[PDB]
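Source file: input06.txt; contents: compact mmCIF, C-alpha atoms and all ligand atoms.
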```txt
# COMPACT_ATOMS: atom_id res chain seq x y z
CA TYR A 19 -36.12 -6.38 -10.01
CA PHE A 20 -37.15 -2.74 -9.80
CA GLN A 21 -37.47 -0.98 -6.46
CA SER A 22 -37.90 2.78 -6.36
CA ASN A 23 -34.69 4.75 -6.96
CA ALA A 24 -36.00 7.64 -4.86
CA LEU A 25 -35.46 5.51 -1.73
CA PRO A 26 -32.12 5.47 0.12
CA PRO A 27 -29.09 3.29 -1.15
CA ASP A 28 -29.89 0.35 1.14
CA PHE A 29 -27.92 -1.88 -1.26
CA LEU A 30 -24.52 -0.46 -0.16
CA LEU A 31 -22.56 -2.83 2.02
CA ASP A 32 -21.69 -1.75 5.54
CA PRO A 33 -18.11 -0.40 5.98
CA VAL A 34 -17.42 -3.04 8.66
CA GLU A 35 -18.74 -5.71 6.28
CA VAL A 36 -16.61 -4.32 3.46
CA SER A 37 -13.60 -4.33 5.80
CA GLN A 38 -14.22 -7.97 6.79
CA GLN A 39 -14.43 -9.16 3.17
CA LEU A 40 -11.34 -7.25 2.00
CA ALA A 41 -9.30 -8.37 5.04
CA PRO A 42 -7.43 -11.22 3.26
CA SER A 43 -6.70 -8.96 0.29
CA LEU A 44 -5.22 -6.33 2.66
CA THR A 45 -2.95 -8.78 4.47
CA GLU A 46 -1.29 -9.56 1.12
CA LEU A 47 -1.33 -5.91 0.01
CA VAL A 48 0.62 -4.52 2.98
CA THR A 49 3.45 -7.06 2.63
CA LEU A 50 4.21 -5.62 -0.82
CA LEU A 51 5.63 -2.67 1.14
CA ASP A 52 9.30 -2.83 2.10
CA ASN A 53 9.45 -2.57 5.91
CA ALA A 54 13.08 -1.45 6.07
CA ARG A 55 13.23 0.59 2.86
CA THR A 56 10.30 2.91 3.56
CA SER A 57 11.45 3.13 7.17
CA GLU A 58 15.04 4.01 6.21
CA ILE A 59 13.91 6.65 3.71
CA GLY A 60 11.46 8.13 6.22
CA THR A 61 14.06 8.64 8.95
CA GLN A 62 16.57 10.19 6.55
CA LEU A 63 13.99 12.65 5.19
CA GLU A 64 13.31 13.76 8.75
CA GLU A 65 17.06 14.37 9.23
CA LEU A 66 17.33 16.17 5.88
CA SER A 67 14.42 18.40 6.93
CA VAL A 68 16.46 19.74 9.86
CA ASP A 69 19.25 20.68 7.45
CA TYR A 70 16.80 22.72 5.31
CA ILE A 71 15.47 24.52 8.39
CA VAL A 72 18.98 25.38 9.63
CA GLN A 73 19.99 26.44 6.11
CA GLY A 74 16.92 28.64 5.85
CA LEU A 75 17.34 30.24 9.28
CA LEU A 76 20.99 31.11 8.57
CA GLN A 77 20.08 32.68 5.22
CA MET A 78 17.77 35.06 7.13
CA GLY A 79 20.66 36.10 9.38
CA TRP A 80 20.08 33.86 12.43
CA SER A 81 22.76 34.94 14.89
CA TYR A 82 21.61 33.48 18.22
CA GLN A 83 24.30 31.81 20.33
CA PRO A 84 24.05 29.11 23.02
CA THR A 85 22.35 30.12 26.32
CA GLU A 86 20.81 33.17 24.64
CA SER A 87 17.04 33.40 25.07
CA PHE A 88 14.70 35.10 22.61
CA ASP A 89 10.99 35.73 22.16
CA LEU A 90 9.12 34.11 19.29
CA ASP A 91 7.83 37.41 17.84
CA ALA A 92 11.11 39.28 18.34
CA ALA A 93 12.99 36.57 16.43
CA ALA A 94 10.37 36.60 13.67
CA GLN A 95 10.69 40.36 13.33
CA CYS A 96 14.50 40.15 13.40
CA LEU A 97 14.77 37.50 10.67
CA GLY A 98 12.03 39.21 8.64
CA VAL A 99 9.32 36.53 8.94
CA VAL A 100 6.20 38.07 7.40
CA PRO A 101 3.27 37.92 9.88
CA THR A 102 1.37 35.20 8.02
CA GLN A 103 4.29 32.75 8.23
CA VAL A 104 4.99 32.91 11.98
CA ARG A 105 2.81 29.87 12.78
CA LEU A 106 5.03 27.89 10.41
CA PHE A 107 8.10 29.62 11.90
CA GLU A 108 7.08 28.46 15.37
CA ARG A 109 6.81 24.85 14.18
CA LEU A 110 10.26 25.08 12.60
CA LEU A 111 11.54 26.11 16.04
CA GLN A 112 9.60 23.26 17.64
CA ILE A 113 11.44 20.90 15.26
CA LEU A 114 14.85 22.30 16.23
CA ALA A 115 13.81 21.60 19.83
CA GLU A 116 12.88 17.97 19.08
CA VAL A 117 16.48 17.39 17.95
CA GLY A 118 17.99 19.32 20.89
CA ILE A 119 19.23 22.45 19.09
CA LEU A 120 16.64 24.64 20.82
CA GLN A 121 14.73 24.41 24.08
CA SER A 122 11.43 26.02 25.00
CA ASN A 123 10.06 27.26 28.31
CA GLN A 124 7.12 29.64 28.55
CA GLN A 125 6.85 31.18 25.04
CA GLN A 126 10.60 31.93 25.17
CA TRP A 127 13.33 30.09 23.26
CA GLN A 128 16.91 29.36 24.36
CA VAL A 129 19.68 28.08 22.07
CA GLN A 130 21.23 24.82 23.29
CA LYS A 131 23.74 23.87 20.57
CA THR A 132 25.24 25.79 17.68
CA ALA A 133 24.06 24.33 14.36
CA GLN A 134 26.82 23.04 12.05
CA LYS A 135 27.40 23.51 8.31
CA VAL A 136 24.73 21.94 6.12
CA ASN A 137 24.37 21.43 2.39
CA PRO A 138 20.91 19.81 2.21
CA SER A 139 20.92 19.99 -1.59
CA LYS A 140 24.15 18.02 -1.91
CA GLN A 141 22.68 15.52 0.55
CA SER A 142 19.33 15.50 -1.29
CA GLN A 143 21.12 14.37 -4.46
CA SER A 144 22.89 11.61 -2.53
CA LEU A 145 19.49 10.39 -1.34
CA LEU A 146 18.14 10.58 -4.89
CA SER A 147 20.86 8.29 -6.25
CA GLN A 148 20.25 5.92 -3.31
CA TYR A 149 16.43 5.99 -3.56
CA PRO A 150 15.34 7.06 -7.06
CA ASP A 151 11.87 5.68 -6.19
CA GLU A 152 11.06 8.59 -3.82
CA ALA A 153 12.29 11.14 -6.37
CA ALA A 154 8.94 12.97 -6.42
CA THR A 155 9.15 13.65 -2.68
CA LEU A 156 12.80 14.73 -2.70
CA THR A 157 12.35 16.89 -5.78
CA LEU A 158 9.34 18.64 -4.26
CA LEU A 159 10.99 18.92 -0.85
CA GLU A 160 13.96 20.47 -2.66
CA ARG A 161 11.88 23.06 -4.53
CA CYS A 162 9.90 24.06 -1.42
CA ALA A 163 12.47 23.76 1.38
CA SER A 164 15.53 25.15 -0.32
CA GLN A 165 13.37 28.29 -0.68
CA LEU A 166 12.19 28.38 2.95
CA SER A 167 13.68 31.79 3.72
CA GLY A 168 12.00 33.30 0.67
CA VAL A 169 8.71 31.83 1.91
CA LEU A 170 9.10 32.99 5.52
CA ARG A 171 9.96 36.45 4.18
CA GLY A 172 6.83 36.44 1.99
CA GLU A 173 8.84 36.87 -1.22
CA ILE A 174 7.32 33.69 -2.68
CA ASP A 175 3.70 32.68 -2.63
CA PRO A 176 4.19 29.05 -1.53
CA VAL A 177 1.44 28.05 -4.00
CA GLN A 178 3.94 28.66 -6.81
CA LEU A 179 6.28 26.29 -4.97
CA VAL A 180 3.81 23.51 -4.21
CA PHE A 181 1.20 23.91 -7.00
CA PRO A 182 2.52 26.15 -9.81
CA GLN A 183 0.43 26.21 -12.98
CA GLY A 184 3.19 24.59 -15.08
CA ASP A 185 3.51 21.68 -12.60
CA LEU A 186 0.53 20.52 -10.54
CA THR A 187 1.52 16.88 -10.95
CA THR A 188 4.71 16.75 -8.82
CA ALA A 189 2.59 17.16 -5.69
CA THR A 190 0.27 14.46 -7.04
CA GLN A 191 3.02 11.91 -7.80
CA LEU A 192 3.73 12.22 -4.08
CA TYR A 193 0.08 11.39 -3.27
CA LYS A 194 -0.23 8.75 -6.00
CA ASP A 195 2.96 6.78 -6.61
CA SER A 196 4.96 6.87 -3.39
CA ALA A 197 5.38 3.37 -1.97
CA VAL A 198 2.88 4.03 0.82
CA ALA A 199 0.41 5.96 -1.35
CA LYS A 200 0.22 2.97 -3.70
CA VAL A 201 -0.95 0.78 -0.81
CA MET A 202 -3.38 3.36 0.56
CA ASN A 203 -4.84 4.24 -2.83
CA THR A 204 -5.38 0.57 -3.68
CA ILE A 205 -7.34 0.22 -0.42
CA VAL A 206 -9.48 3.21 -1.43
CA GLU A 207 -10.34 1.48 -4.71
CA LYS A 208 -10.94 -1.97 -3.27
CA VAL A 209 -13.16 -0.44 -0.59
CA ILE A 210 -15.28 1.47 -3.12
CA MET A 211 -15.66 -1.47 -5.48
CA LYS A 212 -16.61 -3.79 -2.61
CA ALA A 213 -19.17 -1.40 -1.08
CA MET A 214 -21.16 -1.31 -4.33
CA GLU A 215 -21.03 -4.92 -5.46
CA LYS A 216 -24.77 -5.24 -4.75
CA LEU A 217 -25.86 -2.23 -6.88
CA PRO A 218 -29.13 -3.26 -8.61
CA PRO A 219 -29.03 -3.25 -12.41
CA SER A 220 -31.96 -0.81 -12.07
CA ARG A 221 -30.04 1.85 -10.12
CA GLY A 222 -27.16 4.17 -10.75
CA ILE A 223 -24.48 5.06 -8.23
CA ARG A 224 -23.29 8.60 -7.56
CA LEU A 225 -19.78 9.27 -6.28
CA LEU A 226 -18.34 12.67 -5.41
CA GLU A 227 -14.68 13.40 -4.74
CA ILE A 228 -13.72 16.41 -2.57
CA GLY A 229 -10.36 18.11 -3.04
CA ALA A 230 -9.38 15.74 -5.84
CA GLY A 231 -6.36 17.76 -7.00
CA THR A 232 -5.21 16.46 -10.37
CA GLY A 233 -6.54 12.97 -9.69
CA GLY A 234 -3.90 11.18 -7.62
CA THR A 235 -6.44 9.02 -5.83
CA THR A 236 -9.04 9.37 -8.61
CA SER A 237 -6.86 7.48 -11.08
CA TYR A 238 -7.03 4.37 -8.91
CA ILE A 239 -10.86 4.28 -8.95
CA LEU A 240 -11.93 5.23 -12.47
CA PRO A 241 -10.67 2.05 -14.24
CA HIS A 242 -13.12 -0.10 -12.20
CA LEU A 243 -16.33 1.95 -12.41
CA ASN A 244 -19.15 0.91 -14.75
CA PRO A 245 -19.82 3.96 -16.99
CA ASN A 246 -23.39 2.72 -17.64
CA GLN A 247 -24.22 2.80 -13.91
CA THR A 248 -21.99 5.52 -12.44
CA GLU A 249 -21.82 9.28 -12.09
CA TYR A 250 -18.48 10.53 -10.74
CA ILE A 251 -18.26 14.21 -9.74
CA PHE A 252 -14.63 15.36 -9.71
CA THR A 253 -14.39 18.47 -7.54
CA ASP A 254 -11.63 20.67 -6.16
CA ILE A 255 -11.61 24.15 -4.70
CA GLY A 256 -9.31 25.19 -7.56
CA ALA A 257 -10.38 25.38 -11.20
CA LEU A 258 -6.80 24.75 -12.30
CA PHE A 259 -7.01 21.31 -10.74
CA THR A 260 -10.32 20.28 -12.34
CA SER A 261 -9.08 21.59 -15.71
CA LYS A 262 -5.86 19.57 -15.60
CA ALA A 263 -7.83 16.48 -14.50
CA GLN A 264 -10.41 16.86 -17.28
CA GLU A 265 -7.46 16.69 -19.68
CA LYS A 266 -6.10 13.56 -17.95
CA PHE A 267 -9.49 11.83 -17.76
CA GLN A 268 -11.14 12.98 -20.98
CA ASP A 269 -12.08 9.50 -22.25
CA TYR A 270 -13.89 8.54 -19.05
CA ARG A 271 -17.24 9.85 -20.23
CA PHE A 272 -19.12 9.39 -16.92
CA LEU A 273 -17.16 12.13 -15.10
CA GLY A 274 -18.59 15.46 -14.07
CA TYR A 275 -16.34 18.36 -13.09
CA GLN A 276 -17.28 21.15 -10.68
CA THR A 277 -15.68 23.29 -8.00
CA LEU A 278 -16.47 22.82 -4.33
CA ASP A 279 -15.21 24.55 -1.20
CA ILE A 280 -15.94 22.09 1.59
CA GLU A 281 -15.82 24.87 4.20
CA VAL A 282 -19.02 26.48 2.87
CA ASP A 283 -22.45 24.83 2.60
CA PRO A 284 -22.25 22.72 -0.61
CA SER A 285 -25.89 23.38 -1.45
CA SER A 286 -24.99 27.03 -1.99
CA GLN A 287 -22.47 25.82 -4.58
CA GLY A 288 -24.72 23.84 -6.90
CA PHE A 289 -24.72 20.47 -5.10
CA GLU A 290 -27.82 18.50 -4.08
CA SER A 291 -28.09 17.70 -0.38
CA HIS A 292 -28.11 14.03 0.70
CA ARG A 293 -28.08 12.63 -2.83
CA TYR A 294 -24.52 11.25 -3.16
CA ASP A 295 -23.93 7.55 -2.44
CA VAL A 296 -20.13 7.70 -1.97
CA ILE A 297 -17.90 10.63 -1.02
CA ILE A 298 -14.12 10.42 -1.42
CA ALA A 299 -11.82 12.94 0.31
CA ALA A 300 -8.12 12.04 0.04
CA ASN A 301 -5.76 14.38 1.93
CA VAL A 302 -7.99 17.46 2.06
CA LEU A 303 -10.35 17.64 5.06
CA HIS A 304 -7.49 18.48 7.50
CA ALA A 305 -6.66 21.67 5.56
CA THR A 306 -9.71 23.54 6.90
CA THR A 307 -10.47 25.69 9.93
CA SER A 308 -13.06 23.54 11.78
CA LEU A 309 -13.20 19.77 11.25
CA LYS A 310 -16.69 19.68 12.77
CA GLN A 311 -18.16 22.14 10.27
CA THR A 312 -16.16 20.50 7.47
CA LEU A 313 -17.45 17.02 8.38
CA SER A 314 -20.97 18.40 8.76
CA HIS A 315 -20.79 19.75 5.20
CA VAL A 316 -19.55 16.32 4.09
CA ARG A 317 -22.42 14.66 5.94
CA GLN A 318 -24.86 17.04 4.22
CA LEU A 319 -23.85 15.64 0.82
CA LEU A 320 -24.30 11.96 1.74
CA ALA A 321 -27.42 9.92 1.15
CA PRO A 322 -28.84 8.04 4.17
CA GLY A 323 -26.59 4.99 4.45
CA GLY A 324 -24.00 6.41 2.02
CA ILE A 325 -20.28 5.94 2.52
CA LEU A 326 -17.45 8.39 3.25
CA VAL A 327 -13.93 7.28 2.26
CA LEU A 328 -11.14 9.36 3.83
CA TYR A 329 -7.41 9.13 3.20
CA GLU A 330 -5.40 11.07 5.77
CA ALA A 331 -1.94 11.30 7.22
CA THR A 332 -2.08 10.75 10.98
CA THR A 333 1.36 11.73 12.31
CA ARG A 334 3.59 14.78 12.40
CA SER A 335 6.15 14.82 9.61
CA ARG A 336 8.91 17.41 9.30
CA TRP A 337 9.36 16.96 5.55
CA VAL A 338 5.61 17.39 5.07
CA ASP A 339 5.70 20.55 7.18
CA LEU A 340 8.28 21.90 4.69
CA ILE A 341 5.96 21.30 1.69
CA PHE A 342 2.25 21.50 2.56
CA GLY A 343 3.08 23.37 5.77
CA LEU A 344 4.03 26.36 3.65
CA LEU A 345 0.40 26.69 2.53
CA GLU A 346 -2.46 28.57 4.19
CA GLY A 347 -4.57 25.42 4.61
CA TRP A 348 -2.07 23.77 6.94
CA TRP A 349 -2.48 26.47 9.61
CA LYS A 350 -6.11 27.43 9.01
CA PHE A 351 -7.30 25.31 11.93
CA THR A 352 -9.05 27.12 14.75
CA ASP A 353 -10.78 24.25 16.63
CA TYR A 354 -8.10 24.20 19.30
CA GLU A 355 -10.12 22.07 21.76
CA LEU A 356 -9.57 19.29 19.19
CA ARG A 357 -6.45 20.49 17.30
CA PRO A 358 -4.17 22.59 19.57
CA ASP A 359 -1.08 22.89 17.38
CA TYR A 360 -1.24 20.71 14.21
CA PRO A 361 -3.89 20.25 11.51
CA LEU A 362 -3.85 16.41 11.48
CA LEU A 363 -5.70 13.87 13.64
CA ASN A 364 -4.71 10.32 14.56
CA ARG A 365 -6.95 7.27 13.98
CA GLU A 366 -8.67 7.52 17.37
CA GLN A 367 -9.31 11.26 17.01
CA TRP A 368 -10.82 10.75 13.57
CA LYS A 369 -13.22 8.08 14.86
CA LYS A 370 -14.29 10.43 17.64
CA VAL A 371 -15.14 13.49 15.58
CA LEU A 372 -16.80 11.30 12.92
CA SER A 373 -19.13 9.83 15.52
CA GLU A 374 -19.88 13.37 16.75
CA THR A 375 -20.74 14.58 13.22
CA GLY A 376 -23.37 11.97 12.32
CA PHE A 377 -21.30 9.02 11.11
CA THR A 378 -21.28 5.41 12.34
CA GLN A 379 -19.63 2.07 11.57
CA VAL A 380 -16.23 3.75 11.33
CA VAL A 381 -13.36 1.60 10.03
CA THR A 382 -9.68 2.52 9.88
CA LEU A 383 -7.37 0.79 7.42
CA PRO A 384 -5.04 -0.94 7.27
CA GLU A 385 -4.87 -2.82 10.64
CA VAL A 386 -2.51 -5.73 10.01
CA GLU A 387 -0.21 -7.10 12.70
CA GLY A 388 3.29 -7.00 11.23
CA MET A 389 2.71 -4.11 8.88
CA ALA A 390 5.31 -1.41 8.33
CA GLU A 391 5.32 1.47 10.81
CA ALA A 392 4.85 3.74 7.78
CA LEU A 393 1.38 2.15 7.29
CA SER A 394 0.45 3.38 10.79
CA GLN A 395 1.34 6.96 9.79
CA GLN A 396 -1.44 7.07 7.17
CA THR A 397 -4.95 5.65 7.19
CA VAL A 398 -7.97 5.04 5.01
CA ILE A 399 -11.10 5.69 7.06
CA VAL A 400 -14.47 4.33 5.91
CA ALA A 401 -17.65 5.54 7.62
CA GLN A 402 -21.38 5.41 7.05
CA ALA A 403 -23.84 8.28 7.17
CA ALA A 404 -26.07 7.56 10.17
CA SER A 405 -29.66 7.24 8.94
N1 LIG B 1 -11.51 24.08 1.36
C1 LIG B 1 -11.30 23.20 0.38
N2 LIG B 1 -12.36 22.59 -0.25
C2 LIG B 1 -12.16 21.67 -1.26
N3 LIG B 1 -10.88 21.38 -1.65
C3 LIG B 1 -9.82 21.96 -1.03
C4 LIG B 1 -10.01 22.88 -0.01
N4 LIG B 1 -8.80 23.30 0.40
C5 LIG B 1 -7.84 22.67 -0.31
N5 LIG B 1 -8.46 21.85 -1.21
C6 LIG B 1 -7.81 20.98 -2.20
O1 LIG B 1 -7.24 19.86 -1.58
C7 LIG B 1 -6.23 19.34 -2.42
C8 LIG B 1 -5.11 18.77 -1.56
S1 LIG B 1 -3.81 18.04 -2.59
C9 LIG B 1 -5.04 17.04 -3.46
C10 LIG B 1 -4.95 15.57 -3.12
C11 LIG B 1 -5.73 14.77 -4.15
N6 LIG B 1 -6.73 13.95 -3.48
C12 LIG B 1 -4.74 13.94 -4.96
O2 LIG B 1 -4.47 12.79 -4.61
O3 LIG B 1 -4.20 14.40 -5.97
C13 LIG B 1 -5.75 20.49 -3.30
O4 LIG B 1 -5.90 20.20 -4.69
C14 LIG B 1 -6.63 21.66 -2.88
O5 LIG B 1 -7.00 22.45 -3.98
```
structure tokens encoding of this file:
Amino acid sequence: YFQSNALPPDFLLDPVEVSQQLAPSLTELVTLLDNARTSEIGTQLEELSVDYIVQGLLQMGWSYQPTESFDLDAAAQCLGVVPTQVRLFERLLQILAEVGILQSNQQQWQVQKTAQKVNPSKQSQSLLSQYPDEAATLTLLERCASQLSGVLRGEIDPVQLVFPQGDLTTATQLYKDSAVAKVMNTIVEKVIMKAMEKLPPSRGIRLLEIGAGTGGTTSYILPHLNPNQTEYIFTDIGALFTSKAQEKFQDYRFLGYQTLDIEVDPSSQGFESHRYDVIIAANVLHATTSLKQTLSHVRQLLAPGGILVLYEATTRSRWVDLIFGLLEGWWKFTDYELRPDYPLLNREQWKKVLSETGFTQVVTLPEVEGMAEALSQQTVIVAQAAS
């Protein structure tokens, strides 16, 4: 029975082996997603996003006419974009170019077509009656994007728009109970419960969640953990998040709460190096300045042979730009050799930097043949600390 608990968690299954065994469960799980419905709603949200950008630009006095060329800074200064929001402002122009309203050569911008009248809020409500199931996303897009000009002009701290004290959950319902998040979060749970199904009765398991928010992904895991054999450290950079979560999860008695900034050495923050079996980071690692230093801090927490579970969006999204792209974390990135103009990585980029930062046996999920395109826009990545 008893082997020494000081020795590494050799009992953990391999991510590839976990992926193999869950494969039939995933082929049934991804068909529960509506191919057309989540595709329809995705396209329309990208069209709505344009409306919000045009609405916001006009409210700042945008007066540029077709053929006219302007400089990015000059336009920012004209419309009153505060200096810290010009990165976001550039991306909003890049989006107008994708749809043909603007064109870009050099760092100069030329108007192609005059933008027409928009009422994105009237159209938002239409979408809400059509698709009440994505109400969290439209409500949050409404609160953040219908205030874009306030944000670009620095009159609103976007934190109060995305994560105000009186409402941290709306941003979590997006991460937790959207159609796609339900699939991805179930994978996170099934992966974690499969990886540990060989845990000796003699040994406890230690999990640590980075950037856990108010527990969007956490809530999928906790119902399956064995309180007698588990320690679960709920961390976030913000104390308001851990405090709301402690309220939500108060009757799970095996939970620890603590604050962690994954951009600074976790050992300087009260965390033991290389003594966590499983690290969860859902939708957080991208929001840092250097993925290599961030992933090296993550690696520093993992026991030899321990498991990282990552949940990340992998594609550009205009409606996401109008919510989380308002925040500092979205544009923190400075590792331009890897991330030239957007904080997110695709599946192949994530595998690459993970192998460079001391991980192996990297799996990306789901990978099912006829799955919805929307399942290719997000991924669960499982990787093993390379002993
Ligand atoms: N540098 C950092 N270190 C740790 N957490 C961070 C961080 N920067 C941002 N975060 C946290 O990352 C979270 C992104 S939203 C949280 C998502 C969460 N997994 C959920 O499903 O609810 C925020 O709560 C934010 O506070």
Q.
Any residue with an atom at most 8 Å from ligand LIG 1 (chain B) counts, using only C-alpha atoms and all ligand atoms. Which are they? Put them as a PyMOL selection string.
A. chain A and resi 187+189-191+193-194+228-236+253-256+259+277-281+299-303+305-306+347
For residue 101 in chain A, the closest of A:66, A:171, A:149, A:227 counting all atoms listed in the file is A:171
Quiz prompt | Selection as a list in words: residues within 10 Å of (3.0, 25.0, 7.2), counting only C-alpha atoms | solution = residues 103, 104, 105, 106, 107, 108, 109, 110, 176, 336, 338, 339, 340, 341, 342, 343, 344, 345, 346, 347, 348, 349, 350, 360 and 361 of chain A
Q: Might you pull out every residue within 10 Å of residue 99 in chain A, with all atoms listed in the file counted and same-chain residues fewer than 2 positions away left off, and present them as number ranges by chain?
A: A: 78, 91-97, 101-104, 106-107, 167-172
Note to self: Around the point (-20.4, 20.0, -1.5) (coordinates from the file), which residues reach within 12 Å if we count only C-alpha atoms? Answer as a count of residues only.
What the structure shows: 41
- Item | Of the listed residues A:333, A:74, A:310, A:324, that which approaches residue 356 in chain A most closely, counting all atoms listed in the file |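 Of the candidates, the smallest distance to residue 356 in chain A is held by A:310.
Here CA of residue 250 in chain A and CA of residue 308 in chain A stand 26.6 Å from one another.
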Please report the interatomic distance between CA of residue 156 in chain A and CA of residue 143 in chain A in Å with one decimal.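 So the answer is 8.5 Å.
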Requested in this report: May I ask which of the residues A:195, A:330, A:215, A:265 is the closest one to residue 32 in chain A, counting only C-alpha atoms?
Outcome: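 Of the candidates, the smallest distance to residue 32 in chain A is held by A:215.
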### Message
For range 197-201 of chain A, find every residue with an atom within 12 Å (counting only C-alpha atoms), except residues of its own chain fewer than 6 positions away, and show them as a count of residues only.
### Response
48
Between CA of residue 25 in chain A and CA of residue 220 in chain A lies a distance of 12.6 Å
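Using all atoms listed in the file for every distance, the candidate list A:217, A:120, A:129, A:68 yields A:68 as the residue closest to residue 164 in chain A.
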Determine, counting only C-alpha atoms, which protein, DNA and RNA residues have an atom within 8 Å of an atom of residue 325 in chain A; residues of the same chain fewer than 5 positions away are not included. Present the result as a PyMOL selection string.
chain A and resi 33+295-297+320+400-403
